[PDB]
Every structure is written in C-alpha cells, then in structure tokens.
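Single chain ahead, written as structure tokens, the form deposited in one PDB entry.
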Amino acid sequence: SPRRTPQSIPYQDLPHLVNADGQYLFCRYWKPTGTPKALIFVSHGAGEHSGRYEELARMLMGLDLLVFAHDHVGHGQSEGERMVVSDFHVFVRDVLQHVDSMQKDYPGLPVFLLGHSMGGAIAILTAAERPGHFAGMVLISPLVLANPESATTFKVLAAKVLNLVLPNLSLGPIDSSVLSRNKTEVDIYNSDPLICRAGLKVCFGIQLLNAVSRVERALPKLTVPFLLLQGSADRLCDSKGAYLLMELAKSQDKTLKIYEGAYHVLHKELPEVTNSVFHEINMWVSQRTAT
C-alpha cells in the first residue's frame, strides 16, 4: 500500500522527502514569484508542525525569500512514533538534508535559518555543525537552557530504562495558557489536529536534555549572525537562557530583543507583540539579504 501520513493522506499527494532512516517527512514550500534572493528554512517547536508558520512564511516570501520547511520526525504530517526520536541529531541531520537539496536547486543563494523553541535548538546545532555556511539565524524563544530541572529529576535518566520498562512514561502535559497571552491563539493551539498535546515522554525529555547540553558545547564555535527574540515571562524557556546565549556565542553579529511580560510563542502573542516580532524579523533579514 502507498505510504501515508499519520492522518492517512498518501505521501505521493504531498510535497515530501525521505530521510536517511527511510522515514517520510512532509515538506512545505513558499516560493516567491521572481528569482529568490535567499533561502530560509523554518524549524518548528516540539509538539507542533510547519503549518503554524504560514503567516511568518508569507511575510518572508514577500521579501523575495524562498521559504521551506518540513515537519520533524514524530510530528505533524511526517512519519514516526509521536514526539519520539532515537537521538536528537536526527532532527539536525534531516534539516541539513533538506537544506542541501534546496541548495542544489538554487546554487549561489545565501541560506538563513529560523527556529522556535526546540526548533531554535535545532537551528543552533545545525549552524554549529557547518561554520560559515549559513548567512544568519533568527531565534524565537529557543530552547537553550534546561528548565531548573534538579539532579533528582534528571535521574529520571533512571526511568529511561523505565521507558524501556514503561516507554510511554510521561512528564505530563503543560498548561496551554502558559503559551501566549493571546487567548484566541491558545484556543487555536488547543484545537489544531496536527499538534500533539500529549505530555512530554521521558525518553524525549532525555533527548531535549541532550540538545541543551550540546547547544552549550556548541556556543564556543557558533559564529553565525543571529537575532534572538525572547519574552520576559516565558515559563517554558527561561529568559535567563536568552542572556546566556548572547554572552557565550562567539557571533560577531548578535542582537537580542526582550518582550516585556510576553510568554513563549511570540509570533502568536498579543497583537502589538506579534506585529513588532514580524517587523523586527523583516528588517533584520532584509538588511542581511541586501548585504
């Protein structure tokens, strides 16, 4: 039978790619009318999917960038057990595969990364693996810092051989109102069928702890230009993490913007925060796409 998405749509009906593990990833393209000036890959957060970047992608497409994305393994319309991954590097490897494919099709163009939350950790590590290769990075509340998770909690490492015992063991779900002050966007989040709202599995939590530890080891060599957007009342990724990234990255071109009282999902926050987010990304990329 034809390979299908978890929602039963055949991959032959959708844009897709097949990763090095033989898993189908659903892909999304926003391509401008004229020759693109640049490429930008958008990397979504844990639990969500690429269709949540439609508006952001339209704004970038308006700048004459060719925007592209995929749902990470275990997410959205892509294959894999939900919110599970053998090693965090699989996300990075798959992004590099997609970026390399797009660059074959569009040689000579500069390539940018845009990442949110766990997607931001993926962009950091993607850029770190290929120094000098990306023209720049836009980060929205990137996952950079472990959430004050004690040494006892981390000993859940013990439960990972428990997640071999009980694999689905979960840390348990987050309150969705921690996501955004904007209630409409909270309700949209709660009602999107492609979003996984299940609590974070222990084995995935361990991969996220690997990400955060790898991001810390990578910052010494990260030199890519970046823009970092962060809310002061973010409960999922602490703002402290954003200042650490500014201080420890070696990038010569780094900019931080703090949104006072804002929660995690800045591109879906209260309209005055969200408008400023779009405009700041617009200018930053635009100035580095004249370069």
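Each residue number is its position in the shown sequence, starting from 1.
Same protein, other form: the form deposited with a small molecule bound, not shown, and the subject of what follows.
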For the small molecule, considered in the bound PDB entry: do all three of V42, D71 and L114 come within 4.5 Å of it, counting heavy atoms only? no
If you check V138, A127, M118, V215 against the small molecule in the bound PDB entry, which one has a heavy atom within 4.5 Å? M118
Picking from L209, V84, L219, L96, the single residue whose non-hydrogen atoms come within 4.5 angstroms of the small molecule in the bound PDB entry is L209
Within 4.5 angstroms, counting heavy atoms, which one of the listed stretches 225-233, 244-252, 33-41, 257-265 is next to the small molecule in the bound PDB entry? 257-265
Heavy atom to heavy atom, is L179 within 4.5 Å of the small molecule in the bound PDB entry? yes
Is the gap between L56 and the small molecule in the bound PDB entry 4.5 Å or less for some heavy atom pair? no
Contact label in the bound PDB entry: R28 to the small molecule, heavy atom within 4.5 Å: no
Although the partner isn't part of this model, could you tell me whether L194 comes within 4.5 Å of the small molecule in the bound PDB entry, counting any heavy atom of the residue? no
